[PDB]
Every structure is written in structure tokens, then in C-alpha cells.
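Worksheet: the structure to be examined is printed underneath.
One-based numbering, in listed order, for ligands and for the atoms of each. Any value given below was found using the heavy atoms of this structure, including those in side chains, with hydrogens, waters and symmetry copies removed. Position 1 is the first residue of the sequence, and the numbers go up from there.
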Amino acid sequence: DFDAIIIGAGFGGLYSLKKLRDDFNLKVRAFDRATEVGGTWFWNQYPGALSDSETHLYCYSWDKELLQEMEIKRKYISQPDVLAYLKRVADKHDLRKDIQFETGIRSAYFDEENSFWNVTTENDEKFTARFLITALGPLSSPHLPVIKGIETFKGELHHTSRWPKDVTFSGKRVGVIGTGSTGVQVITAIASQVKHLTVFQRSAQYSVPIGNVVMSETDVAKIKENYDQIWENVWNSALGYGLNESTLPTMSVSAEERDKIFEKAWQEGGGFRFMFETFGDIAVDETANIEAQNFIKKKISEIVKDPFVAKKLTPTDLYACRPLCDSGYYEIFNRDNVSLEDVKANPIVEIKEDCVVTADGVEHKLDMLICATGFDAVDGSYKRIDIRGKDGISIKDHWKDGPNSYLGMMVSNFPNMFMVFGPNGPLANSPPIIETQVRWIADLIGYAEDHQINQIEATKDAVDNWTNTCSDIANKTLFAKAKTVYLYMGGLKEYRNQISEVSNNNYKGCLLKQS
Ligand SMILES: Cc1cc2nc3c(=O)[nH]c(=O)nc-3n(C[C@H](O)[C@H](O)[C@H](O)COP(=O)(O)OP(=O)(O)OC[C@H]3O[C@@H](n4cnc5c(N)ncnc54)[C@H](O)[C@@H]3O)c2cc1C
Ligand SMILES: NC(=O)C1=CN([C@@H]2O[C@H](COP(=O)(O)OP(=O)(O)OC[C@H]3O[C@@H](n4cnc5c(N)ncnc54)[C@H](OP(=O)(O)O)[C@@H]3O)[C@@H](O)[C@H]2O)C=CC1
């Protein structure tokens, strides 16, 4: 028996555990397949893995002593250093004693008679808990490309989410399939280390400099002396990235002033910076969006000296969705040991024991093939657990057509289950989102103990109202276009307003059952 069972020991699960156990004095246990805390920062150890947000903001804000203790080595934070940070949090707050590692959760069945959850591990251990906290993260299973013959390759073959230790590059012919955020980081990190790199690019994306530099002790002291204001700015912002979020319309300035503004963001670095600190309508107005595209295309054409390679790297679509950042990606294609293959024009048709074959018949001989090919969507982590709520309905069936929820935290037919960083949540920096949701969920659970409520559930109507709120917001944006509604796009500040109104109005939209 527990008051709460938590699935996941990444950012979301660790704070779920600390808040429910130490601040609300509940009996809690968390579970993770991993052998150690860290979640995605434990699993993803590929070359060049790097935070998207600056080091001093990609962290918890709720422990002020930790903030002052913060190691801030570079402007952005590498995977080993995030993993080390989350280990330090677990150390300081004595968290591991209530985490069962190497334990996958196979099923969780809601017991409507007793109003609690029966949770079964993959080793057939059964646990019961009033509440179920799912902190499963944004990504499901790794997606491997479906390519004829991929199982015949005799060299090294890895998805980036299963990067083995001890990989060496010297003397090897290496291929990378995928040029999203992960592929860009891997390619930039390994091109100088391999004998030859072939990049297999299906769709060129826009990338801006991340500007990752060492942080002086003065840089760090200024941050730490001003940390309360820094966090106040996060809670008052749409993105939580520490940006000066612009309201300036792109076309309201001259051509010369617009170039200076883009160039300032480009030199400072950061994807959200380039998209949202420059001007206020890049994601909203097509004409503004085209000015942003053209600035980046001109940078590509200046960096990449061969115009035919530059052309191949140049996208043909909107500057939209989460912005990409790099530490020297376009420069890589000037190297004599790098080949770019456009596999939209020249598709991969076969993999054999020693090569990737393209449609022109060319055998690209490889010692190593890296699949930076992405992951299944967020709801897959939910559908891969056998979660059965009211009347035995499964989340596979409930979400056949995509995820829908109330506030991103509650699913109709699934009572006493609360999602952390779940679908239909905000587009912002994740740790502020997780802290916002964990604190809301925990206050609701505390309210239920105070008012002797034993079943909490969102109504179908509140879920559908949330879906409409997200749909209305997203349809004012070019993100609705470009490459159920998966995200709420109103920003962190308005998200916190939205959920505060719900808690201030006796949890409108939630069915509360007394006993
Ligand atoms: C290189 C990289 C950089 C990033 N940078 C940023 C950034 O700057 N800003 C940002 O906002 N986001 C960023 N992200 C996104 C990142 O996912 C989030 O920031 C955050 O770490 C997610 O934490 P989480 O605890 O919610 O989920 P995760 O860290 O994914 O943890 C989920 C855990 O649940 C476990 N789990 C799932 N199903 C089961 C089951 N059935 N049984 C047991 N355990 C289970 C998994 O094993 C996993 O350990 C980045 C991601 C990567 C890979
Ligand atoms: N890595 C990071 O630093 C961060 C990552 N994230 C998120 O992580 C998620 C995953 O990023 P990523 O790992 O880059 O995965 P993505 O899904 O973003 O990119 C997948 C890449 O592989 C290509 N690809 C997929 N299948 C094939 C195929 N069969 N043949 C050829 N090419 C193929 C895609 O091309 P096409 O575009 O043509 O499909 C794309 O280039 C994204 O949502 C990203 O925003 C979040 C924060 C930071």
C-alpha cells in the first residue's frame, strides 16, 4: 500500500517524489527501468548531447541552496553534467531509498470499488496505491528507419538513444541517417574524428548557433546573486528560457534594422532566442517568417563555400516548430572528409553487409551507421503500459486517435492518475513546466486528504474544453501548418493562469467522490 506510486525517475519523477513524500508526508514509491536517476539524461549518451536551454535555467528552482551550489561550467549543459546534477539532487534529498530501479511497470489497473490503483511490475510484483503519478517524459520508443536489408549490416549500427560506451571513430567510414536536433549534434561532434562521414539527409532543417561558451566566475556570480529575479522572469514569461520576449513586428522596421536584430541573436546564439527575442510575429505572420528563413539561408550560403552543397543544406519550408541549434554544423560540410546525400532526391533503397545503397545504385561503404531517426510520439509511453481505468478501458483504446487530457495532467476515464510533462501541455522550458505541474498535482492531492475525497477524475467536457483552448491558440500560429492537439501554445505564464483558475474554483471540471 502506498499513497502514491510514481513511474519515472527523471526530472519529473524525482520532484514528484520529493514533493509528495517530504512536503505532503505521503508514503510513496517510484519505479524506473533505468539503473540510476536521470531519465532521458541517463538513456541518451550520444556524442554532442547538449541542453537546448542555458545551464542556469535547465535545473530545479525549488531548492535555493542547490541554486547557490549550482555548477555552471558552460553556457549550456552537456549530458554527463545534467546526469551528475540529477544524481546530486537524489543524494541531497535522500530520494533513492524510495526508488525501485531496474523495474519496468507492465500494467496499472484502477479498482473502482476501493478507488485505488493495482500496479504490476514486469517481474509480477503487485503494488496498490491511491494515486498514480506518471512521469514518463516526452518521447516513446526509439524509431529505427524501415530499410530493406538493415538487418544484414555487419558493421556497428546504433540508434542514438542506445549509444554504447567505448565507441571509437578514428579510421572509420561513418554514416548518419537523420538531421534533426540529435543528428545535428552527432554530426557536428564526430565529423573531425572519422575517416569519412556521409550524412543521409531526408529533409534539411534550419539551424542557428547555440553559442556555447565557458562561464567566467564573474558570469556565474552575477547569475547567482540575481537568481530570485531570474526565476521571477521565468514564471512571468511564455517560454521560460530567460529571453526578452519581443512584441516587435518583423516588418515594422527597415531592412537594415531587421538585419542588425537577427545578427545580434545569431551571435548570442539559441534557437528560441532567434525565433522569439528578435521579433514577436515570426511564428504567426508568413511575411515575417520568410524574413527569418532568408536570414538563415543567407548564413548557410556564406558559411558553406561550395554553392551546390549549400543548396542541398538549404530548406524549402516554414521556419517553424521547435528551433534547432548547433555548435558548428554548417561548417562541417566544408571538410574534405564529409559527403552530404539528399535522400529525398536520391533515396536509400537497400542496406547490405558493408554499405548503404542509394537509388542511383551507389554503394556507400560504411564501418558504422548511426540512426538519429527519432522516437515515437509522446502518447506511446502511455500506450506501451497496460493502463486500464473506468469500465476497464485501456489508454491504447481511449487515445486511439491521439492524446487528449484536461490541463495536460488528467485523462477522462482514468481517475486518481496524474501526468507530469504529459501530452497537451505547454511549449516552454521543461523544468519550470514539471515544477508547475508537480506543485499543482500535489496541492490537489493535499486538498483531497483534507476533504476526505478518494477519487478524482476529469470530465469528458473539461477535456474537450481543453482541446478547444489549445486548438484555438495553435490555429493563430504557423505551427498549426508547417511540419486532438498535442501542445498548449499560450505560454508558461498563461498555462499557470489557466490551472490556477481551476484550483481556485474548487477544481472545476473534476469529479470529486467522497467517502
Ligand atoms: C539532449 C537533450 C537535450 C534536451 N534539452 C532540453 C532543454 O533545454 N529544455 C527542455 O525543456 N527540454 C529539453 N529536453 C527534453 C527532455 O526530455 C526534458 O527536458 C526532460 O529531461 C524530461 O524529463 P522527464 O522526467 O519528464 O522524462 P524522462 O527524462 O524521459 O524520464 C522518463 C522516465 O520514465 C521511465 N519509464 C517510462 N515508462 C516506464 C515504465 N513502464 N516503467 C518504468 N519506467 C518507465 C523511463 O525509463 C525514463 O527514465 C532535452 C532532451 C535531450 C535528449
Ligand atoms: N536532441 C536535443 O537536443 C533535443 C531534442 N528534443 C526533441 O527530441 C525529439 C527527437 O529529436 P531527433 O532525435 O532529432 O528525432 P527527429 O524525429 O526530430 O529527427 C528525425 C530525423 O531522422 C530523419 N528520418 C526518420 N526516419 C527516416 C528514414 N526512414 N529515412 C531517412 N531519414 C529518416 C528525419 O527526417 P524527416 O525530417 O524527413 O522525417 C529527421 O531528420 C525532437 O522532437 C526534438 O525536438 C527536445 C529538446 C532538445
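Relative orientation of the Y15 and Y60 rings is tilted, given thresholds of 30° and 60° on the angle between their planes. A perpendicular orientation is assigned to the rings of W41 and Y58, their planes being inclined by more than 60° (bins at 30° and 60°). Between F479 and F276, the two ring planes are perpendicular [angle over 60°; tilted spans 30° to 60°]. Note on ring orientation: taking the six-membered ring where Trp is involved, the planes of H56 and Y227 are tilted (angle from 30° to 60°). Ring orientation note: the planes of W163 and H158 are nearly perpendicular, at an angle over 60° on the 30°/60° scale. Between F131 and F418, the two ring planes are tilted [angle within 30° to 60°].
The CD1 atom of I5 sits 12.5 Å away from the CG atom of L20 when rounded to the nearest 0.5 Å. Between the NZ atom in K400 and the NZ atom in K383 there is a gap of 10.0 Å [rounded to 0.5 Å]. Distance check: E277 CD to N244 CG gives 4.5 Å after rounding to the nearest 0.5 Å. Expressed to the nearest 0.5 Å, how far NZ of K97 lies from CZ of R29 amounts to 9.0 Å.
Residue-to-ligand polar distances keep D52 apart from ligand 2: every N/O pair is separated by 3.5 Å or more. Checking only distances, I105 does come within under 3.5 Å of ligand 1, N or O to N or O. Ligand 1 has an N or O atom lying under 3.5 Å from an N or O atom of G12, backbone or side chain. Considering backbone and side-chain N/O of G104, none are found under 3.5 Å from N/O of ligand 1. Between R202 and ligand 2, at least one N/O pair is under 3.5 Å apart. Considering backbone and side-chain N/O atoms, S51 never comes within less than 3.5 Å of an N/O atom of ligand 1.
The shortest distance between side-chain heavy atoms of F200 and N346 does not fall below 4.5 Å. Side-chain contact between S394 and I387 is absent, with no heavy-atom pair separated by less than 4.5 Å. Side-chain contact check for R88 versus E71: every heavy-atom pair is 4.5 Å or farther apart.
Proximity of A49 to ligand 2, defined as any heavy-atom pair under 4.0 Å, is not found for any part of the residue. At a 4.0 Å heavy-atom cut-off, ligand 1 touches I385 through the side chain alone. Neither the backbone nor the side chain of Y76 has any atom closer than 4.0 Å to an atom of ligand 2 (non-hydrogen atoms only). Only the backbone of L50 comes within contact range of ligand 2, with a heavy atom under 4.0 Å; no side-chain atom does. When non-hydrogen atoms are compared, ligand 1 lies under 4.0 Å from neither the backbone nor the side chain of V420. The side chain of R322, and not its backbone, has at least one atom closer than 4.0 Å to an atom of ligand 1 (non-hydrogen atoms only; side chain from C-beta on). At a heavy-atom cutoff of 4.0 Å, ligand 1 is contacted by the backbone of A135 but not by its side chain. By the criterion of a heavy-atom distance under 4.0 Å, neither the backbone nor the side chain of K344 is placed next to ligand 2.
In this structure, the protein non-hydrogen atom closest to atom 16 (P) of ligand 2 is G374 CA, 4.1 Å. Closest to atom 13 (O) of ligand 2 among all protein heavy atoms lies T182 OG1, 2.8 Å. Among protein heavy atoms, the minimum distance from atom 19 (O) of ligand 2 is reached at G180 CA, 3.9 Å. With hydrogens left out, the protein atom closest to atom 33 (C) of ligand 1 is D32 OD2, 3.7 Å, a heavy atom. Here the protein heavy atom with the shortest distance to atom 45 (O) of ligand 2 is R322 CD, 3.9 Å. Among all non-hydrogen protein atoms, the one lying nearest atom 34 (O) of ligand 1 is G8 CA, 3.5 Å. Of all protein heavy atoms, the one closest to atom 38 (O) of ligand 2 is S203 OG, 2.6 Å. Shortest contact from atom 37 (O) of ligand 2 to any protein heavy atom: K483 NZ, 2.8 Å. The protein non-hydrogen atom at the shortest distance from atom 8 (O) of ligand 2 is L139 CD2, 4.1 Å. Regarding atom 31 (C) of ligand 2, its nearest protein heavy-atom neighbour is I177 CG2, 3.6 Å.
Here is the list of ligand 2 atoms found below 4.0 Å of a heavy atom in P145: 28 (C), 29 (N). Within ligand 1, the atoms closer than 4.0 Å to a non-hydrogen atom of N429 are 9 (N), 10 (C), 11 (O), numbered from 1 in the order shown. Every atom of ligand 1 is numbered from 1 in the order shown, and the set under 4.0 Å from a heavy atom of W43 is 46 (C), 47 (O), 48 (C), 49 (O). Remark: ligand 1 atoms within the under-4.0 Å shell around heavy atoms of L136 are 30 (O), 32 (C), 34 (O), 37 (C), 38 (N). Within the listing of ligand 2, atoms 3 (O) sit less than 4.0 angstrom from a heavy atom of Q185. Residue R33 approaches ligand 1 through these ligand atoms, each under 4.0 Å from one of its heavy atoms: 38 (N), 39 (C), 40 (C), 41 (N), 43 (C), 44 (N). Within ligand 1, counting atoms from 1 as listed, the ones closer than 4.0 Å to a heavy atom of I7 are 39 (C), 40 (C), 42 (N), 43 (C), 44 (N), 45 (C). Within the listing of ligand 1, atoms 1 (C), 3 (C) sit less than 4.0 angstrom from a heavy atom of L50. Short contacts between ligand 1 and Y241, defined as distances under 4.0 Å to a heavy atom of the residue, involve ligand atoms 9 (N).
Closer than 4.0 Å to atom 43 (O) of ligand 2 lies none of the heavy atoms of the protein.
Nearest to atom 1 (C) of ligand 1 by heavy atom, out of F421, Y46, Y58, is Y46. Taking only non-hydrogen atoms, the option from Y382, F375, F101, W41 nearest to atom 52 (C) of ligand 1 is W41. Closest heavy-atom approach to atom 20 (C) of ligand 2 within the set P142, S181, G178, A372: this belongs to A372. Scanning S181, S430, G380, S53 for the heavy atom closest to atom 18 (C) of ligand 1 points to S430. The option with the heavy atom closest to atom 41 (O) of ligand 2, from among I147, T373, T179, is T179.
In this structure, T103 counts as a contact residue of ligand 1, since one of its heavy atoms falls inside 4.0 Å of the ligand. Residue contacts with ligand 1: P138 is included, with a non-hydrogen atom under 4.0 Å away.
A salt bridge links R96 to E36: one of the charged nitrogens lies within less than 4.0 Å of a carboxylate oxygen. A salt bridge links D81 with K73: the closest approach of a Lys/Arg side-chain nitrogen to an acidic carboxylate oxygen falls below 4.0 angstrom. Note on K18 versus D63: no salt bridge recorded, every NZ/NE/NH1/NH2 to OD/OE distance being 4.0 Å or above. Looking at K483 and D317, no side-chain N of the basic residue comes within less than 4.0 Å of a carboxylate O on the acidic one, giving no salt bridge.
With hydrogens and angles disregarded, no donor-acceptor distance shorter than 3.5 Å links the side chain of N413 to the backbone of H398.
Here the options are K365, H364, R173, the test is side-chain contact (heavy atoms from CB on, under 4.5 Å), and the partner is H196; only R173 passes.
Side-chain rings of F110 and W117 approach one another, their centers coming within less than 6.0 Å.
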